[PDB]
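J.: Let me give you the structure first, and then I'll get to my questions.
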Protein chains: 2
Amino acid sequence: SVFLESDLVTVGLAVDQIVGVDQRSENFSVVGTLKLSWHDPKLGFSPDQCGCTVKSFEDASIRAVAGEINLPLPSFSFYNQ
Amino acid sequence: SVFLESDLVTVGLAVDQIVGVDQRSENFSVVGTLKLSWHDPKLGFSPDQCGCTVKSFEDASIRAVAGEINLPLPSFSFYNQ
């Protein structure tokens, strides 16, 4: 392709339980799970420099990991949080 | 053994008091004690460099200590916390 292309992201969400509704302040609370997936060759690495097949980051948001590795990542937010 | 073997962990839990049940939001609270024990020779040390028999870490989670000493430790979490 002559032009650059946007990266494709797969998203999925599930709802486990509605734990409350506030009828005076007009808000509700929910419990669920979120999942994201995408492909980026700039994140690729060689196994022989770490002796592993999986590189993992834990207990960090997407913004923090993007700032640490200095690469753009698809950060997200809840609109009405 | 030719193959590597997983490290064995002994666990125990005791419940002291049930302090509340929420019948609308479907949750409860409890007070108790948790104990873990495991054996790992990689954590051993020589007394002659410290002159002591017990080395201790206080007021820190297992993840923090593992990140400080750069060794794998059996971290845990409560599933429905």
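Chain lettering (A, B, ...) mirrors the order of the structure tokens, residue numbering begins at 1 for each chain separately, and ligand numbering begins at 1 in order of display.
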Please build the interface table for chain B against chain A with a cut-off of 12 Å, listing for each qualifying residue the nearest atom pair and the distance in Å to one decimal; count only C-alpha atoms, order rows by chain and increasing number, and write it as a Markdown table.

T.:
```
| residue | atom | partner | partner_atom | distance |
| --- | --- | --- | --- | --- |
| B:22 | CA | A:19 | CA | 11.0 |
| B:23 | CA | A:19 | CA | 10.8 |
| B:24 | CA | A:19 | CA | 8.0 |
| B:25 | CA | A:19 | CA | 5.3 |
| B:26 | CA | A:19 | CA | 7.6 |
| B:27 | CA | A:19 | CA | 9.6 |
| B:63 | CA | A:59 | CA | 10.3 |
| B:64 | CA | A:59 | CA | 11.8 |
| B:67 | CA | A:58 | CA | 11.8 |
| B:80 | CA | A:31 | CA | 10.8 |
| B:81 | CA | A:31 | CA | 11.9 |
```

J.: Identify, with DSSP run on backbone atoms, the residues in chain A assigned to alpha helix (DSSP H), and express the list as a PyMOL selection string.

T.: chain A and resi 62-69

J.: What is the Cα root-mean-square deviation, to one decimal place in Å, for chain A superposed on chain B with all Cα atoms matched in order?

T.: 0.2 Å

J.: One decimal, in Å: what's the spacing between CA of residue 4 in chain B and CA of residue 45 in chain B?

T.: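 Answer for the CA of residue 4 in chain B to CA of residue 45 in chain B separation: 22.6 Å.
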
J.: Kindly indicate which residue among B:21, B:60, B:15, B:73 lies nearest to residue 38 in chain B, using only C-alpha atoms for the distances.

T.: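 Nearest to residue 38 in chain B: B:73.
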
J.: Could you pull the residues within 12 Å of residue 39 in chain A, counting only C-alpha atoms, minus those fewer than 3 positions along the same chain, as a list in words?

T.: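 Everything that qualifies: residues 6, 7, 8, 9, 10, 36, 42, 43, 44, 73 and 74 of chain A.
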
J.: May I have the selected residues written with C-alpha atoms, as a compact mmCIF listing (two decimals), in the first residue's frame?

T.:
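Result file is out_6.txt:
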```txt
# COMPACT_ATOMS: atom_id res chain seq x y z
CA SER A 6 -4.74 2.24 10.67
CA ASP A 7 -4.22 -0.60 13.12
CA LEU A 8 -7.18 -2.93 13.63
CA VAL A 9 -8.40 -3.67 17.17
CA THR A 10 -10.77 -6.42 18.30
CA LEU A 36 -8.70 -6.04 23.56
CA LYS A 42 7.01 -2.79 16.24
CA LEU A 43 6.35 -4.74 19.47
CA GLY A 44 7.99 -7.89 18.11
CA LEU A 73 -0.68 1.92 22.30
CA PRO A 74 -4.51 1.89 22.04
```

J.: In Å, how far is it from CA of residue 55 in chain B to CA of residue 14 in chain B?

T.: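 Spanning CA of residue 55 in chain B to CA of residue 14 in chain B is a straight-line distance of 25.9 Å.
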
J.: Hey, what's within 12 Å of residue 57 in chain A if we count only C-alpha atoms and toss same-chain stuff fewer than 4 positions away? As a list in words, please?

T.: residues 61, 62, 64, 65, 66, 68 and 69 of chain A

J.: Would you export the selected residues with N, CA and C atoms as a PDB file, in the first residue's frame, please?

T.:
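Final file, selection11.pdb:
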```
ATOM      1  N   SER A  61      -1.826   0.160  33.613  1.00  0.00           N
ATOM      2  CA  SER A  61      -2.725   0.576  32.549  1.00  0.00           C
ATOM      3  C   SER A  61      -1.980   0.637  31.219  1.00  0.00           C
ATOM      4  N   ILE A  62      -2.751   0.771  30.138  1.00  0.00           N
ATOM      5  CA  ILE A  62      -2.157   0.851  28.807  1.00  0.00           C
ATOM      6  C   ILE A  62      -1.304   2.105  28.669  1.00  0.00           C
ATOM      7  N   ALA A  64       0.429   3.661  31.032  1.00  0.00           N
ATOM      8  CA  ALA A  64       1.694   3.480  31.737  1.00  0.00           C
ATOM      9  C   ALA A  64       2.662   2.619  30.933  1.00  0.00           C
ATOM     10  N   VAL A  65       2.168   1.524  30.349  1.00  0.00           N
ATOM     11  CA  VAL A  65       3.027   0.663  29.543  1.00  0.00           C
ATOM     12  C   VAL A  65       3.518   1.404  28.305  1.00  0.00           C
ATOM     13  N   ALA A  66       2.639   2.187  27.672  1.00  0.00           N
ATOM     14  CA  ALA A  66       3.040   2.955  26.499  1.00  0.00           C
ATOM     15  C   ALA A  66       4.114   3.975  26.850  1.00  0.00           C
ATOM     16  N   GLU A  68       6.246   3.648  29.335  1.00  0.00           N
ATOM     17  CA  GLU A  68       7.461   2.934  29.712  1.00  0.00           C
ATOM     18  C   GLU A  68       8.222   2.414  28.497  1.00  0.00           C
ATOM     19  N   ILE A  69       7.518   1.865  27.503  1.00  0.00           N
ATOM     20  CA  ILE A  69       8.176   1.295  26.332  1.00  0.00           C
ATOM     21  C   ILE A  69       8.320   2.297  25.196  1.00  0.00           C
TER      22      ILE A  69
END
```

J.: As an exercise, work out the distance from CA of residue 12 in chain A to CA of residue 34 in chain A in Å and give it to one decimal place.

T.: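 These two atoms are separated by 6.0 Å.
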